[PDB]
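A quick write-up on the structure given underneath.
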Amino acid sequence: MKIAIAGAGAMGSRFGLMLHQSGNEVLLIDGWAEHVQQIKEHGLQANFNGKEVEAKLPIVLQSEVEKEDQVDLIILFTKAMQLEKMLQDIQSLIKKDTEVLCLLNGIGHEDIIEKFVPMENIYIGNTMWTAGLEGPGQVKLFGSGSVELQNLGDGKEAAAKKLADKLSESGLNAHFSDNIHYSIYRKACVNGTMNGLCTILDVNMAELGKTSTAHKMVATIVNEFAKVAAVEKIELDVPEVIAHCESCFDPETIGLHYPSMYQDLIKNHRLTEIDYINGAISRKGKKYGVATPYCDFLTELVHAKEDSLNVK
Amino acid sequence: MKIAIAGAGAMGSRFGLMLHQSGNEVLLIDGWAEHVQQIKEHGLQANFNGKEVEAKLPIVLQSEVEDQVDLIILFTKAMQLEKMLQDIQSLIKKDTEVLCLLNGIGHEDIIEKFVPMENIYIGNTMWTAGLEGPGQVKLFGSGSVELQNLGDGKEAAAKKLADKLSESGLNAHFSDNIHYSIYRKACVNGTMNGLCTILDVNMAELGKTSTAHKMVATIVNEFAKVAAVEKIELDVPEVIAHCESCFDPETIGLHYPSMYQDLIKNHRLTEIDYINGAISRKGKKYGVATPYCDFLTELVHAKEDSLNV
Ligand SMILES: NC(=O)c1ccc[n+]([C@@H]2O[C@H](COP(=O)([O-])OP(=O)(O)OC[C@H]3O[C@@H](n4cnc5c(N)ncnc54)[C@H](O)[C@@H]3O)[C@@H](O)[C@H]2O)c1
Ligand SMILES: NC(=O)c1ccc[n+]([C@@H]2O[C@H](COP(=O)([O-])OP(=O)(O)OC[C@H]3O[C@@H](n4cnc5c(N)ncnc54)[C@H](O)[C@@H]3O)[C@@H](O)[C@H]2O)c1
Ligand SMILES: O=C(O)C(=O)Nc1ccccc1
Ligand SMILES: O=C(O)C(=O)Nc1ccccc1
């Protein structure tokens, strides 16, 4: 099939590369002009599991997408703050039958996606794959991963399973889930603890785990996520989710890495996705009458940090 | 009168120096051996408002005290206060006034283990100081002191003590509501010190951020809820404004708070357990939610652990 990767940064480049290596036709769509020009002239370059790889993937600036152009599957992989503008720029690509899959971190992206895409064509999930964008046209891809996804449209279960199988045929290890909202919240707890705490404390995940108060901070935040999720009839298994968060402390899994939010703000001086993670829990709390002070304070701290570095 | 400065770091050095320049007899007591040695050999050196100054002040290691004084001024960091009181017990006679001007809350409790209640005076100060290295301080700006007796009937003795300090330029005032005053300064220390430390900014930089006001106000409200249980009713709007006045680059805004100097610059443990930590402890005791103070205290301890302090 024809697959467009809308947002061809670290993760988008991974998925595009893997989907291309299995014989899919892949179009990359991106908003970073220098990145697009590099890929045009020299292809996408990857340190892929140690091996230098190059692939000439077609790429277009999101503002230059052709209303004549058309794909079967759009995979969204922008950062949360770029999602709307990306959808505005590529709407003409959204035809009757086009599947649209969102695998961004954070909560609530469906609402935005539903302004541009018919409900029956929306698939959402999250992923445990990782990736790094080293500079224009350059990515570093290590580790293993998985994808979970579910259809949001009534009667699209089989189409969702098919979509997961298709991704799995390119090595993406994708699974259909019958409770994607539970799965999104659970992963959001990980992003809601590791990302902001590492960023503010200036540590990697193993270093965070070594501190005497990490467990208390993680557990308090996870409880706040769970109280908000319960209002939406999602009952998180808090002890399992706390343990799932703390498993990131292990050097043998992902502990030696810095989370994406750290790479964004501390290393690259870019705005973070905090409003969509802890911030989403704060805004829900206010609306539901649930106290979410740690999410409020962590969000505030991260914004302050962004401001202190003069980030956008 | 013979004055001992128990804890002769940045602030203890200021007070000692100013008290000595007015003709008081001053003994410094400290636990930093290298600092004590430097002062013995070369005197205490200060950049004092731009003038290089040297004063040869007697100094003794706290563990080698022997040597009576009339007034002890405590100026350790909070974490060193108990050990300091243990080491200098022999100096605390039925006579001796003991004045605590440390930042933080609740130091009377520990002082009462060593000092009779009628001899305890407490307060806080708006003076500033920097310890640049052993035997070296930098002293700029203006300041003030507020203090009150804790013992019944010691009001006049407290006023006299304030006048004495004022005679050395310390701009000290008696207060009839020292607990209000301690809480109000603790709100400053409970916002600026931890937030600057965690965010790696000076006070003016903190004030320029979009969320500083919200963080300050939430914290101040937690202090006020705890203080109200103890029948202290903070004027929350005025306290918030007093905190935010630190944001002004033309007054104190260009400075890094003491906690920042401690942990980020010098890799030393902080006073967090006696500021935001004291509000958390009280919140547990009174059933009052203090989540910002809990989280800020946790974040600072995690920061300390990450720097292996
Ligand atoms: N990277 C990871 O390991 C990881 C893991 C799981 C989920 N996620 C999630 O996947 C989504 C995408 O993350 P990502 O890491 O691929 O983001 P990314 O920042 O690498 O890319 C996002 C978009 O930003 C653009 N961009 C990147 N750097 C830029 C710069 N300097 N100037 C201009 N544009 C620039 C990219 O070209 C791309 O269009 C996010 O929601 C993220 O949280 C990421
Ligand atoms: N510095 C300020 O401007 C200021 C302003 C108002 C209140 N305060 C408060 O006054 C109290 C004392 O503060 P300070 O600034 O004078 O503390 P300080 O850290 O300058 O000195 C306190 C004690 O620690 C010792 N010390 C300092 N560095 C050391 C080292 N490297 N190794 C071993 N020992 C060392 C000092 O000799 C001193 O005895 C605190 O409660 C503080 O919060 C300080
Ligand atoms: O950093 C991120 O944004 C992210 O999702 N990291 C992550 C990936 C897989 C497992 C755990 C955390
Ligand atoms: O840094 C400190 O510990 C401190 O108390 N600073 C401060 C001084 C004077 C006025 C306001 C704050």
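Numbering starts fresh at 1 for the residues of each chain in the structure tokens, the chains themselves are lettered A, B, ... in the order given, and ligands are numbered from 1 as they appear.
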
(request) Return as an NGL selection string every polymer residue, whether protein, DNA or RNA, with at least one atom no more than 6 Å from an atom of ligand 2; count only C-alpha atoms and all ligand atoms. (result) :B and (7-12 or 30-32 or 75-78 or 102-103 or 125-131 or 258)

For the residues in that selection, give me C-alpha atoms as a compact mmCIF listing (two decimals), in the first residue's frame.
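Result saved to out.txt:
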```
# COMPACT_ATOMS: atom_id res chain seq x y z
CA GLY B 7 28.37 29.50 62.98
CA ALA B 8 30.69 31.99 61.35
CA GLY B 9 29.87 31.46 57.69
CA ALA B 10 28.65 34.16 55.37
CA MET B 11 26.08 35.67 57.74
CA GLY B 12 27.93 34.92 60.96
CA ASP B 30 32.84 27.38 63.59
CA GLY B 31 33.09 23.80 62.44
CA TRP B 32 34.98 24.27 59.14
CA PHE B 75 24.17 31.43 62.37
CA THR B 76 24.85 27.89 61.25
CA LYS B 77 22.86 26.28 58.45
CA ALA B 78 19.84 24.57 59.96
CA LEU B 102 18.50 31.26 60.96
CA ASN B 103 16.13 30.87 58.07
CA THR B 125 17.10 38.81 58.87
CA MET B 126 17.08 40.48 55.45
CA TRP B 127 20.82 41.03 55.41
CA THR B 128 22.69 39.00 52.76
CA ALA B 129 26.21 37.58 52.53
CA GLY B 130 28.44 35.29 50.50
CA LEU B 131 31.18 32.94 51.61
CA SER B 258 21.58 30.56 49.58
```

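Those residues that approach region 207-216 of chain A to within 6 Å, counting only C-alpha atoms, are residues 203, 204, 219 and 249 of chain A; 298, 302 and 305 of chain B; same-chain residues fewer than 3 positions away are not listed.
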
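Distances from B:71, B:206, B:139, B:187 to residue 48 (chain B) were compared using only C-alpha atoms, and the smallest one belongs to B:139.
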
(request) Select the residues contacting ligand 3 at a distance of at most 6 Å, based on only C-alpha atoms and all ligand atoms, then format the selection as a ChimeraX atom specification. (result) /A:128-130,191,259-260

Can you spit out the residues from that selection as a tab-separated table (two decimals), in the first residue's frame, using N, CA, C and O atoms?
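Final output, saved to result-v4.tsv:
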```tsv
chain	number	residue	atom	x	y	z
A	128	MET	N	6.09	1.53	22.11
A	128	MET	CA	7.26	1.39	22.98
A	128	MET	C	8.54	1.37	22.17
A	128	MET	O	9.57	1.19	22.71
A	129	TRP	N	8.46	1.59	20.86
A	129	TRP	CA	9.67	1.82	20.09
A	129	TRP	C	10.32	3.14	20.54
A	129	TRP	O	9.64	4.01	21.14
A	130	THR	N	11.61	3.33	20.27
A	130	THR	CA	12.35	4.54	20.55
A	130	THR	C	13.15	4.98	19.33
A	130	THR	O	13.34	4.20	18.39
A	191	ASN	N	5.23	8.44	30.73
A	191	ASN	CA	5.65	9.71	30.17
A	191	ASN	C	5.43	10.82	31.18
A	191	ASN	O	6.07	11.86	31.13
A	259	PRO	N	14.82	10.52	28.47
A	259	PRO	CA	13.58	10.52	27.80
A	259	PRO	C	13.51	11.58	26.71
A	259	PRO	O	14.25	12.58	26.74
A	260	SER	N	12.51	11.44	25.86
A	260	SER	CA	12.33	12.36	24.77
A	260	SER	C	12.20	13.82	25.21
A	260	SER	O	12.70	14.73	24.53
```

Within 9 Å of ligand 4, which residues show up when you count only C-alpha atoms and all ligand atoms? List them as a short mmCIF file (atom, residue, chain, number, x, y, z; two decimals) with N, CA and C atoms, in the first residue's frame, please.
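Saved as selection_4.cif:
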```cif
data_model
loop_
_atom_site.label_atom_id
_atom_site.label_comp_id
_atom_site.auth_asym_id
_atom_site.auth_seq_id
_atom_site.Cartn_x
_atom_site.Cartn_y
_atom_site.Cartn_z
N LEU B 102 18.59 32.16 62.09
CA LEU B 102 18.50 31.26 60.96
C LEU B 102 17.20 31.37 60.18
N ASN B 103 17.32 31.11 58.87
CA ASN B 103 16.13 30.87 58.07
C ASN B 103 15.51 29.56 58.48
N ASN B 124 14.56 36.69 62.37
CA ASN B 124 15.10 36.48 61.05
C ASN B 124 15.74 37.76 60.57
N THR B 125 16.37 37.69 59.39
CA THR B 125 17.10 38.81 58.87
C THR B 125 16.99 38.93 57.34
N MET B 126 17.11 40.16 56.87
CA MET B 126 17.08 40.48 55.45
C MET B 126 18.46 40.91 54.99
N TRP B 127 19.46 40.82 55.86
CA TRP B 127 20.82 41.03 55.41
C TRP B 127 21.16 39.87 54.47
N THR B 128 22.16 40.04 53.61
CA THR B 128 22.69 39.00 52.76
C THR B 128 24.21 38.89 52.93
N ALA B 129 24.77 37.77 52.48
CA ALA B 129 26.21 37.58 52.53
C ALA B 129 26.63 36.40 51.67
N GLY B 143 19.95 45.76 54.84
CA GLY B 143 19.28 44.70 55.50
C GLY B 143 18.60 45.15 56.78
N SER B 144 17.98 44.19 57.46
CA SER B 144 17.35 44.43 58.72
C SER B 144 17.30 43.12 59.50
N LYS B 185 8.88 35.51 56.15
CA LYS B 185 10.16 35.30 55.56
C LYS B 185 10.36 33.86 55.08
N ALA B 186 9.77 32.90 55.78
CA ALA B 186 9.86 31.50 55.33
C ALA B 186 9.17 31.29 54.01
N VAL B 188 9.19 33.48 51.56
CA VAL B 188 10.24 33.89 50.64
C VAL B 188 11.24 32.76 50.44
N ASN B 189 11.75 32.18 51.52
CA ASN B 189 12.72 31.12 51.43
C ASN B 189 12.09 29.88 50.86
N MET B 192 11.68 31.19 46.67
CA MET B 192 12.87 31.52 45.94
C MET B 192 13.95 30.43 46.03
N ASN B 193 14.25 29.94 47.23
CA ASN B 193 15.37 29.01 47.40
C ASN B 193 15.24 27.71 46.63
N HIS B 242 5.50 40.36 48.63
CA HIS B 242 6.78 40.41 49.27
C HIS B 242 7.75 39.38 48.69
N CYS B 243 7.26 38.18 48.41
CA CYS B 243 8.06 37.19 47.69
C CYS B 243 8.48 37.72 46.32
N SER B 245 8.79 40.61 45.17
CA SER B 245 9.69 41.76 45.16
C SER B 245 11.15 41.32 44.99
N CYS B 246 11.47 40.07 45.33
CA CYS B 246 12.77 39.48 45.03
C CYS B 246 13.06 39.37 43.55
N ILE B 252 17.26 42.65 44.73
CA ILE B 252 17.98 41.42 44.98
C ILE B 252 17.93 40.39 43.85
N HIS B 255 20.68 38.01 42.38
CA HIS B 255 21.32 37.03 43.23
C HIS B 255 20.70 35.69 43.22
N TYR B 256 21.55 34.71 43.50
CA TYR B 256 21.15 33.35 43.67
C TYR B 256 20.95 33.14 45.15
N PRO B 257 19.83 32.49 45.53
CA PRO B 257 19.55 32.29 46.94
C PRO B 257 20.57 31.35 47.54
N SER B 258 20.63 31.39 48.86
CA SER B 258 21.58 30.56 49.58
C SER B 258 21.50 29.07 49.26
N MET B 259 20.29 28.56 49.08
CA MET B 259 20.12 27.14 48.80
C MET B 259 20.79 26.79 47.48
N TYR B 260 20.65 27.68 46.50
CA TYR B 260 21.30 27.48 45.22
C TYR B 260 22.82 27.43 45.38
N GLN B 261 23.36 28.38 46.13
CA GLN B 261 24.79 28.39 46.40
C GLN B 261 25.19 27.07 47.05
#
```
